[PDB]
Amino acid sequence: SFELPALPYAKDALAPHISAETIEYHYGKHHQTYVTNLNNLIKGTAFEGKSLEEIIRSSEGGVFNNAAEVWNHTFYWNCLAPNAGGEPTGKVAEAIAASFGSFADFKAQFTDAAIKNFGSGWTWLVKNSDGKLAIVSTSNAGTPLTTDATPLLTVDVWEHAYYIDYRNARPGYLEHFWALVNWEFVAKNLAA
């Protein structure tokens, strides 16, 4: 069965940008529950033995929602880090400048997309199959994995991701997200 991968840092490592309490609920309750529900829903089914990505690309309904959310959250935790944030360098910086005009342009576009992604969902930096970077949003458990675009960076805009720390101020959460971005992970994703 699928297991909840260990958080890449201590539960308080993202403070004050994302609190230890947010981590305890978001990781320990929400993410854990998606793992448990996924395992239960796939027992005895043709989805047993399949990778998480394989399930995401071949499922609908509850199986999809849980599988995609498991993957999305693991991806999200890796997108964040202590002692990180700031501006990317190298190939990531160059690709962002080429695709959006500048890092500042990208940051504003990503922020705007995330803030205006209505309801629950995720906002993504992806590499489209044309080789160009783009910002796309998804609803609920939706993920670029069901397309031919490669996810590079994401922000969870489900209210549970930020409500403890920012209440209604999703834009405040976005401001603090930038202080946490793990560009090393983004660079790995782009290089792949």
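One rule holds for the numbers: they count along the sequence shown, beginning at 1.
The stretch with the higher mean CA B factor, choosing between 82-90 and 112-120, is 82-90.
Once the C-alpha B-factors are averaged per stretch, 6-14 and 167-175 rank with 6-14 first. Highest C-alpha temperature factor among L133, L41, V136, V70 per the entry: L41. Residue set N66, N140, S51, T154: peak C-alpha B-factor at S51 (per PDB entry).
The deposited CA B-factor of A192 belongs to the highest third of values across its chain.
The deposited CA B-factor of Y162 belongs to the lowest third of values across its chain.
Remark: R57 belongs to the highest third of its chain, ranked by C-alpha B-factor as recorded.
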